[PDB]
Structure formats: structure tokens, C-alpha cells
Amino acid sequence: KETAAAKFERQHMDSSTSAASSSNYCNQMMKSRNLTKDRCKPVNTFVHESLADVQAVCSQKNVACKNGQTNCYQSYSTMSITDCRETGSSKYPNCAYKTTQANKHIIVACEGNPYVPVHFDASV
Ligand SMILES: Nc1ncnc2c1ncn2[C@@H]1O[C@H](COP(=O)(O)OP(=O)(O)O)[C@@H](O)[C@H]1OP(=O)(O)O
């Protein structure tokens with residue numbers, strides 16, 4: 001089975017690119033990371049930082065998760081991220097996305113030993 005930590009890396013980590021490279025970035029990425037296999041995932045965020053940097057967030061600012069749990073943490077510094085929003089004209093299996101680059105603080109939920117990121121909660 002794919003572990004929770006590995007799933008987070010697959011759905012959210014992209015250190016190979018410093019920013020949202022192109023307008024076609026989300027269409028290629030959502031497809032290659034298997035996020036459109038069962039249906040079109042409406043929104044998803046990719047983080048362009050090292051794995052070490054994102055893992056360190058688990059020891060940063062503790063904040064409440066959107067779901068009410070208390071295992072969420074916000075990064076002290078802004079990070080390069082790319083938001084993918086499914087455009088209305090998107091129709092499974094032809095999923096379509098709008099690529100958007102930004103620099104914001106990320107909020108992730110952490111779990112386990114080692115305490116690592118397992119879910120992307122929000123960007124602020
Ligand atoms: N407070 C929280 N809020 C939301 N999801 C949480 C959470 N704490 C943990 N999760 C995890 O985050 C995963 C997030 O759902 P998902 O795997 O579809 O990812 P994402 O939310 O990043 O798109 C859940 O399977 C759950 O896995 P773990 O139980 O393996 O951590």
C-alpha cells in the first residue's frame with residue numbers, strides 16, 4: 001500500500017521546478033501524479049521547496065486544522081506554490097486546469113514517527 005507520507009509527496013511535492021513553469025503545468029502535473037485517474041480532482045497544490053524544508057514545517061507554528069483537529073502547522077516563511085483549479089470546461093476524463101503561481105505560507109497536517117506531513121490543509 002502507498003503510505004500516507006508517500007501519498008503526500010506524490011500529490012503535493014514538486015522540487016524539480018522553482019515556480020509554476022507554464023500555463024500547461026497543472027494539466028501535465030495533475031495527470032502524471034495520477035490525480036485524474038478516478039475523476040478530476042477539483043483543486044490541488046504543489047510545493048516547490050525541498051523535501052527537508054517542507055518536513056520541517058511539522059515543528060513550526062501549530063494551528064487548528066480546517067477539520068477541527070489540532071495537528072496542523074503553518075510555515076514561518078512563505079514558500080513557492082502552484083495552485084491547480086479545475087476549469088468548468090473540464091470534463092472527465094479530459095480534466096482541465098488553470099495554473100496559478102504564488103508565494104504563501106503553507107499549512108499541513110502531520111502524523112507518525114517520524115512526525116511528517118500527511119495532508120495539505122491550506123495556504124495563507
Ligand atoms: N487534521 C487533518 N485534516 C485532514 N486530513 C488529515 C489530518 N491529519 C491527517 N490527515 C491525513 O491527510 C490525508 C489527507 O487526505 P488526502 O490523502 O486525500 O490528502 P490531501 O488532503 O493532502 O489532499 C488523510 O488520508 C489523512 O491521512 P493520515 O491519517 O495518514 O494522516
# chains A, B, ... in the order shown; residues from 1 in each chain; ligands from 1
>>> select_by_dssp(residues="chain A", states="helix (DSSP H, G or I)", output="list in words")
residues 4, 5, 6, 7, 8, 9, 10, 11, 12, 25, 26, 27, 28, 29, 30, 31, 32, 51, 52, 53, 54, 55, 56, 57, 58 and 59 of chain A
>>> write_last_selection(atoms="N, CA and C atoms", output="PDB file, in the first residue's frame")
ATOM      1  N   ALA A   4       0.811   7.090   3.861  1.00  0.00           N
ATOM      2  CA  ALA A   4       0.264   8.449   3.925  1.00  0.00           C
ATOM      3  C   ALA A   4       1.301   9.503   3.572  1.00  0.00           C
ATOM      4  N   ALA A   5       2.515   9.339   4.090  1.00  0.00           N
ATOM      5  CA  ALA A   5       3.601  10.263   3.819  1.00  0.00           C
ATOM      6  C   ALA A   5       3.969  10.253   2.333  1.00  0.00           C
ATOM      7  N   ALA A   6       3.984   9.059   1.733  1.00  0.00           N
ATOM      8  CA  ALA A   6       4.321   8.897   0.310  1.00  0.00           C
ATOM      9  C   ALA A   6       3.239   9.516  -0.568  1.00  0.00           C
ATOM     10  N   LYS A   7       1.987   9.363  -0.161  1.00  0.00           N
ATOM     11  CA  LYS A   7       0.875   9.937  -0.895  1.00  0.00           C
ATOM     12  C   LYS A   7       0.985  11.453  -0.900  1.00  0.00           C
ATOM     13  N   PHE A   8       1.387  12.036   0.226  1.00  0.00           N
ATOM     14  CA  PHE A   8       1.557  13.489   0.323  1.00  0.00           C
ATOM     15  C   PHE A   8       2.644  13.950  -0.663  1.00  0.00           C
ATOM     16  N   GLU A   9       3.725  13.187  -0.744  1.00  0.00           N
ATOM     17  CA  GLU A   9       4.813  13.533  -1.637  1.00  0.00           C
ATOM     18  C   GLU A   9       4.352  13.475  -3.098  1.00  0.00           C
ATOM     19  N   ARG A  10       3.569  12.451  -3.425  1.00  0.00           N
ATOM     20  CA  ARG A  10       3.029  12.293  -4.775  1.00  0.00           C
ATOM     21  C   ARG A  10       2.000  13.383  -5.153  1.00  0.00           C
ATOM     22  N   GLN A  11       1.070  13.702  -4.265  1.00  0.00           N
ATOM     23  CA  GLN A  11       0.079  14.714  -4.588  1.00  0.00           C
ATOM     24  C   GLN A  11       0.543  16.161  -4.456  1.00  0.00           C
ATOM     25  N   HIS A  12       1.551  16.422  -3.613  1.00  0.00           N
ATOM     26  CA  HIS A  12       1.949  17.810  -3.345  1.00  0.00           C
ATOM     27  C   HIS A  12       3.380  18.288  -3.532  1.00  0.00           C
ATOM     28  N   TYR A  25       1.314  23.670 -16.989  1.00  0.00           N
ATOM     29  CA  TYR A  25       1.869  22.934 -15.846  1.00  0.00           C
ATOM     30  C   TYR A  25       0.854  22.038 -15.116  1.00  0.00           C
ATOM     31  N   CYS A  26      -0.271  22.608 -14.692  1.00  0.00           N
ATOM     32  CA  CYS A  26      -1.302  21.851 -13.970  1.00  0.00           C
ATOM     33  C   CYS A  26      -1.925  20.690 -14.747  1.00  0.00           C
ATOM     34  N   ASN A  27      -2.155  20.892 -16.042  1.00  0.00           N
ATOM     35  CA  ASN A  27      -2.723  19.837 -16.886  1.00  0.00           C
ATOM     36  C   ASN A  27      -1.782  18.639 -16.963  1.00  0.00           C
ATOM     37  N   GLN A  28      -0.481  18.900 -17.087  1.00  0.00           N
ATOM     38  CA  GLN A  28       0.527  17.838 -17.160  1.00  0.00           C
ATOM     39  C   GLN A  28       0.732  17.178 -15.795  1.00  0.00           C
ATOM     40  N   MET A  29       0.884  18.002 -14.757  1.00  0.00           N
ATOM     41  CA  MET A  29       1.119  17.521 -13.393  1.00  0.00           C
ATOM     42  C   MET A  29      -0.021  16.758 -12.757  1.00  0.00           C
ATOM     43  N   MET A  30      -1.240  17.253 -12.899  1.00  0.00           N
ATOM     44  CA  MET A  30      -2.390  16.576 -12.324  1.00  0.00           C
ATOM     45  C   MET A  30      -2.530  15.192 -12.942  1.00  0.00           C
ATOM     46  N   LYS A  31      -2.195  15.103 -14.220  1.00  0.00           N
ATOM     47  CA  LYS A  31      -2.262  13.864 -14.967  1.00  0.00           C
ATOM     48  C   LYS A  31      -1.171  12.880 -14.534  1.00  0.00           C
ATOM     49  N   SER A  32       0.078  13.340 -14.537  1.00  0.00           N
ATOM     50  CA  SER A  32       1.217  12.496 -14.189  1.00  0.00           C
ATOM     51  C   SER A  32       1.291  11.988 -12.750  1.00  0.00           C
ATOM     52  N   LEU A  51      12.266  18.666   0.113  1.00  0.00           N
ATOM     53  CA  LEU A  51      11.516  17.786   0.991  1.00  0.00           C
ATOM     54  C   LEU A  51      11.846  18.109   2.454  1.00  0.00           C
ATOM     55  N   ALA A  52      13.116  18.419   2.719  1.00  0.00           N
ATOM     56  CA  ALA A  52      13.583  18.763   4.062  1.00  0.00           C
ATOM     57  C   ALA A  52      12.900  20.021   4.571  1.00  0.00           C
ATOM     58  N   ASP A  53      12.718  20.998   3.693  1.00  0.00           N
ATOM     59  CA  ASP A  53      12.066  22.233   4.091  1.00  0.00           C
ATOM     60  C   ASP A  53      10.596  22.065   4.448  1.00  0.00           C
ATOM     61  N   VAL A  54       9.906  21.239   3.679  1.00  0.00           N
ATOM     62  CA  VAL A  54       8.502  21.011   3.926  1.00  0.00           C
ATOM     63  C   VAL A  54       8.315  20.154   5.178  1.00  0.00           C
ATOM     64  N   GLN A  55       9.210  19.189   5.400  1.00  0.00           N
ATOM     65  CA  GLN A  55       9.118  18.321   6.583  1.00  0.00           C
ATOM     66  C   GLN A  55       9.333  19.108   7.881  1.00  0.00           C
ATOM     67  N   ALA A  56      10.163  20.136   7.802  1.00  0.00           N
ATOM     68  CA  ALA A  56      10.460  20.995   8.943  1.00  0.00           C
ATOM     69  C   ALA A  56       9.238  21.770   9.432  1.00  0.00           C
ATOM     70  N   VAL A  57       8.239  21.934   8.565  1.00  0.00           N
ATOM     71  CA  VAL A  57       7.030  22.659   8.941  1.00  0.00           C
ATOM     72  C   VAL A  57       6.318  21.952  10.105  1.00  0.00           C
ATOM     73  N   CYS A  58       6.503  20.637  10.230  1.00  0.00           N
ATOM     74  CA  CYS A  58       5.860  19.910  11.316  1.00  0.00           C
ATOM     75  C   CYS A  58       6.318  20.370  12.693  1.00  0.00           C
ATOM     76  N   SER A  59       7.402  21.144  12.753  1.00  0.00           N
ATOM     77  CA  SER A  59       7.878  21.659  14.035  1.00  0.00           C
ATOM     78  C   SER A  59       7.770  23.178  14.117  1.00  0.00           C
TER      79      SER A  59
END
>>> residues_near_ligand(ligand="ligand 1", cutoff="7 Å", atoms="only C-alpha atoms and all ligand atoms", output="PyMOL selection string")
chain A and resi 4-5+7-8+11+44+65-72+109-111+118-121
>>> select_by_dssp(residues="chain A", states="strand (DSSP E or B)", output="PyMOL selection string")
chain A and resi 13+43-47+61-63+72-74+79-86+91+94+97-104+106-111+116-123
>>> write_last_selection(atoms="C-alpha atoms", output="mmCIF file, in the first residue's frame")
data_model
loop_
_atom_site.group_PDB
_atom_site.id
_atom_site.type_symbol
_atom_site.label_atom_id
_atom_site.label_comp_id
_atom_site.auth_asym_id
_atom_site.auth_seq_id
_atom_site.Cartn_x
_atom_site.Cartn_y
_atom_site.Cartn_z
ATOM 1 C CA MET A 13 5.717 17.807 -3.773
ATOM 2 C CA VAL A 43 -8.179 21.607 -6.706
ATOM 3 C CA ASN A 44 -4.623 20.674 -5.676
ATOM 4 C CA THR A 45 -1.476 22.494 -4.601
ATOM 5 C CA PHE A 46 2.139 21.654 -5.423
ATOM 6 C CA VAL A 47 5.013 22.936 -3.255
ATOM 7 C CA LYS A 61 3.551 27.127 14.042
ATOM 8 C CA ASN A 62 0.794 24.906 15.469
ATOM 9 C CA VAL A 63 -2.655 25.983 14.275
ATOM 10 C CA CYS A 72 -1.781 21.340 11.701
ATOM 11 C CA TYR A 73 1.267 23.563 11.334
ATOM 12 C CA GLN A 74 1.917 26.762 9.418
ATOM 13 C CA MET A 79 7.018 29.086 0.062
ATOM 14 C CA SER A 80 6.706 28.859 -3.723
ATOM 15 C CA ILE A 81 3.494 27.001 -4.557
ATOM 16 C CA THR A 82 1.316 26.265 -7.567
ATOM 17 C CA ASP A 83 -2.472 26.034 -7.257
ATOM 18 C CA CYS A 84 -4.391 23.975 -9.808
ATOM 19 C CA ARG A 85 -8.102 24.831 -10.201
ATOM 20 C CA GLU A 86 -10.246 22.653 -12.473
ATOM 21 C CA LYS A 91 -15.000 17.096 -18.366
ATOM 22 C CA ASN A 94 -10.496 15.293 -20.140
ATOM 23 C CA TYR A 97 -6.883 23.132 -15.007
ATOM 24 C CA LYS A 98 -5.847 26.736 -14.566
ATOM 25 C CA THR A 99 -2.271 27.066 -13.274
ATOM 26 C CA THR A 100 -1.568 29.704 -10.634
ATOM 27 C CA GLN A 101 1.774 30.538 -9.042
ATOM 28 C CA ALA A 102 2.081 32.324 -5.719
ATOM 29 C CA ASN A 103 4.269 32.635 -2.627
ATOM 30 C CA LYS A 104 2.386 31.924 0.572
ATOM 31 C CA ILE A 106 1.554 26.593 3.817
ATOM 32 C CA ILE A 107 -0.458 24.712 6.444
ATOM 33 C CA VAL A 108 -0.006 20.939 6.638
ATOM 34 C CA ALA A 109 -1.311 18.197 8.967
ATOM 35 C CA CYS A 110 1.430 15.952 10.420
ATOM 36 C CA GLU A 111 1.370 12.451 11.890
ATOM 37 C CA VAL A 116 5.932 14.049 8.793
ATOM 38 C CA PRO A 117 3.450 15.885 6.535
ATOM 39 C CA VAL A 118 0.422 13.721 5.503
ATOM 40 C CA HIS A 119 -2.091 16.294 4.283
ATOM 41 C CA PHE A 120 -2.138 19.777 2.736
ATOM 42 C CA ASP A 121 -4.645 21.945 4.623
ATOM 43 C CA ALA A 122 -4.313 25.458 3.227
ATOM 44 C CA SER A 123 -2.110 28.304 2.093
#
>>> atom_distance(atom1="atom CA of residue A:87", atom2="atom CA of residue A:24")
12.6 Å
>>> atom_distance(atom1="atom CA of residue A:124", atom2="atom CA of residue A:89")
27.6 Å
>>> decode(residues="stretch 65-97 of chain A", atoms="N, CA and C atoms", output="PDB file, in the first residue's frame")
ATOM      1  N   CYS A  65      -6.631  22.739  12.429  1.00  0.00           N
ATOM      2  CA  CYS A  65      -6.901  22.300  11.065  1.00  0.00           C
ATOM      3  C   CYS A  65      -8.318  22.698  10.705  1.00  0.00           C
ATOM      4  N   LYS A  66      -8.590  22.774   9.408  1.00  0.00           N
ATOM      5  CA  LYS A  66      -9.926  23.105   8.916  1.00  0.00           C
ATOM      6  C   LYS A  66     -10.973  22.114   9.453  1.00  0.00           C
ATOM      7  N   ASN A  67     -10.563  20.867   9.654  1.00  0.00           N
ATOM      8  CA  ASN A  67     -11.463  19.835  10.153  1.00  0.00           C
ATOM      9  C   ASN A  67     -11.634  19.821  11.672  1.00  0.00           C
ATOM     10  N   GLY A  68     -10.983  20.747  12.370  1.00  0.00           N
ATOM     11  CA  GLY A  68     -11.100  20.789  13.809  1.00  0.00           C
ATOM     12  C   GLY A  68      -9.969  20.102  14.549  1.00  0.00           C
ATOM     13  N   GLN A  69      -9.199  19.249  13.883  1.00  0.00           N
ATOM     14  CA  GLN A  69      -8.081  18.594  14.556  1.00  0.00           C
ATOM     15  C   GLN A  69      -7.015  19.641  14.878  1.00  0.00           C
ATOM     16  N   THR A  70      -6.135  19.331  15.822  1.00  0.00           N
ATOM     17  CA  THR A  70      -5.094  20.267  16.229  1.00  0.00           C
ATOM     18  C   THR A  70      -3.677  19.949  15.718  1.00  0.00           C
ATOM     19  N   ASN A  71      -3.547  18.943  14.857  1.00  0.00           N
ATOM     20  CA  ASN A  71      -2.240  18.539  14.302  1.00  0.00           C
ATOM     21  C   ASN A  71      -1.785  19.276  13.021  1.00  0.00           C
ATOM     22  N   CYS A  72      -2.177  20.540  12.863  1.00  0.00           N
ATOM     23  CA  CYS A  72      -1.781  21.340  11.701  1.00  0.00           C
ATOM     24  C   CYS A  72      -0.708  22.346  12.072  1.00  0.00           C
ATOM     25  N   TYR A  73       0.153  22.647  11.107  1.00  0.00           N
ATOM     26  CA  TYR A  73       1.267  23.563  11.334  1.00  0.00           C
ATOM     27  C   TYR A  73       1.435  24.478  10.142  1.00  0.00           C
ATOM     28  N   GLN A  74       1.732  25.739  10.434  1.00  0.00           N
ATOM     29  CA  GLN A  74       1.917  26.762   9.418  1.00  0.00           C
ATOM     30  C   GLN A  74       3.402  27.131   9.300  1.00  0.00           C
ATOM     31  N   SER A  75       3.893  27.254   8.072  1.00  0.00           N
ATOM     32  CA  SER A  75       5.295  27.604   7.877  1.00  0.00           C
ATOM     33  C   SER A  75       5.558  29.067   8.270  1.00  0.00           C
ATOM     34  N   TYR A  76       6.702  29.322   8.906  1.00  0.00           N
ATOM     35  CA  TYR A  76       7.071  30.679   9.308  1.00  0.00           C
ATOM     36  C   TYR A  76       7.400  31.532   8.090  1.00  0.00           C
ATOM     37  N   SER A  77       8.011  30.923   7.085  1.00  0.00           N
ATOM     38  CA  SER A  77       8.327  31.654   5.859  1.00  0.00           C
ATOM     39  C   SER A  77       7.384  31.263   4.706  1.00  0.00           C
ATOM     40  N   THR A  78       7.296  32.143   3.719  1.00  0.00           N
ATOM     41  CA  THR A  78       6.484  31.901   2.543  1.00  0.00           C
ATOM     42  C   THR A  78       7.221  30.876   1.674  1.00  0.00           C
ATOM     43  N   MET A  79       6.455  30.090   0.937  1.00  0.00           N
ATOM     44  CA  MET A  79       7.018  29.086   0.062  1.00  0.00           C
ATOM     45  C   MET A  79       6.428  29.256  -1.331  1.00  0.00           C
ATOM     46  N   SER A  80       7.167  28.793  -2.332  1.00  0.00           N
ATOM     47  CA  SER A  80       6.706  28.859  -3.723  1.00  0.00           C
ATOM     48  C   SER A  80       5.719  27.701  -3.923  1.00  0.00           C
ATOM     49  N   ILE A  81       4.508  28.021  -4.351  1.00  0.00           N
ATOM     50  CA  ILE A  81       3.494  27.001  -4.557  1.00  0.00           C
ATOM     51  C   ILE A  81       2.752  27.247  -5.853  1.00  0.00           C
ATOM     52  N   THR A  82       2.118  26.194  -6.353  1.00  0.00           N
ATOM     53  CA  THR A  82       1.316  26.265  -7.567  1.00  0.00           C
ATOM     54  C   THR A  82      -0.062  25.659  -7.295  1.00  0.00           C
ATOM     55  N   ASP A  83      -1.094  26.480  -7.436  1.00  0.00           N
ATOM     56  CA  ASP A  83      -2.472  26.034  -7.257  1.00  0.00           C
ATOM     57  C   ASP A  83      -3.074  25.614  -8.588  1.00  0.00           C
ATOM     58  N   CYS A  84      -3.754  24.475  -8.594  1.00  0.00           N
ATOM     59  CA  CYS A  84      -4.391  23.975  -9.808  1.00  0.00           C
ATOM     60  C   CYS A  84      -5.894  23.959  -9.550  1.00  0.00           C
ATOM     61  N   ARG A  85      -6.639  24.749 -10.322  1.00  0.00           N
ATOM     62  CA  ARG A  85      -8.102  24.831 -10.201  1.00  0.00           C
ATOM     63  C   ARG A  85      -8.688  24.241 -11.473  1.00  0.00           C
ATOM     64  N   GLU A  86      -9.598  23.287 -11.325  1.00  0.00           N
ATOM     65  CA  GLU A  86     -10.246  22.653 -12.473  1.00  0.00           C
ATOM     66  C   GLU A  86     -11.154  23.693 -13.141  1.00  0.00           C
ATOM     67  N   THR A  87     -10.953  23.949 -14.432  1.00  0.00           N
ATOM     68  CA  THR A  87     -11.790  24.917 -15.139  1.00  0.00           C
ATOM     69  C   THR A  87     -13.123  24.247 -15.482  1.00  0.00           C
ATOM     70  N   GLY A  88     -14.216  25.006 -15.435  1.00  0.00           N
ATOM     71  CA  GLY A  88     -15.539  24.459 -15.737  1.00  0.00           C
ATOM     72  C   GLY A  88     -15.647  23.569 -16.976  1.00  0.00           C
ATOM     73  N   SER A  89     -14.989  23.981 -18.060  1.00  0.00           N
ATOM     74  CA  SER A  89     -14.975  23.234 -19.318  1.00  0.00           C
ATOM     75  C   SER A  89     -14.297  21.861 -19.209  1.00  0.00           C
ATOM     76  N   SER A  90     -13.716  21.589 -18.049  1.00  0.00           N
ATOM     77  CA  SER A  90     -13.062  20.325 -17.778  1.00  0.00           C
ATOM     78  C   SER A  90     -14.181  19.287 -17.701  1.00  0.00           C
ATOM     79  N   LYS A  91     -14.010  18.165 -18.391  1.00  0.00           N
ATOM     80  CA  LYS A  91     -15.000  17.096 -18.366  1.00  0.00           C
ATOM     81  C   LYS A  91     -14.264  15.787 -18.326  1.00  0.00           C
ATOM     82  N   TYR A  92     -14.432  15.030 -17.251  1.00  0.00           N
ATOM     83  CA  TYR A  92     -13.765  13.742 -17.134  1.00  0.00           C
ATOM     84  C   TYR A  92     -14.113  12.915 -18.372  1.00  0.00           C
ATOM     85  N   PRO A  93     -13.132  12.178 -18.931  1.00  0.00           N
ATOM     86  CA  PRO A  93     -11.733  12.060 -18.497  1.00  0.00           C
ATOM     87  C   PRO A  93     -10.771  13.153 -18.982  1.00  0.00           C
ATOM     88  N   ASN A  94     -11.306  14.181 -19.636  1.00  0.00           N
ATOM     89  CA  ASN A  94     -10.496  15.293 -20.140  1.00  0.00           C
ATOM     90  C   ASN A  94     -10.514  16.387 -19.084  1.00  0.00           C
ATOM     91  N   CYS A  95      -9.734  16.183 -18.035  1.00  0.00           N
ATOM     92  CA  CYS A  95      -9.656  17.148 -16.955  1.00  0.00           C
ATOM     93  C   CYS A  95      -8.828  18.363 -17.383  1.00  0.00           C
ATOM     94  N   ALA A  96      -9.310  19.551 -17.043  1.00  0.00           N
ATOM     95  CA  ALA A  96      -8.643  20.790 -17.411  1.00  0.00           C
ATOM     96  C   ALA A  96      -8.448  21.662 -16.189  1.00  0.00           C
ATOM     97  N   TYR A  97      -7.276  22.295 -16.129  1.00  0.00           N
ATOM     98  CA  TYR A  97      -6.883  23.132 -15.007  1.00  0.00           C
ATOM     99  C   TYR A  97      -6.255  24.467 -15.372  1.00  0.00           C
TER     100      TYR A  97
END
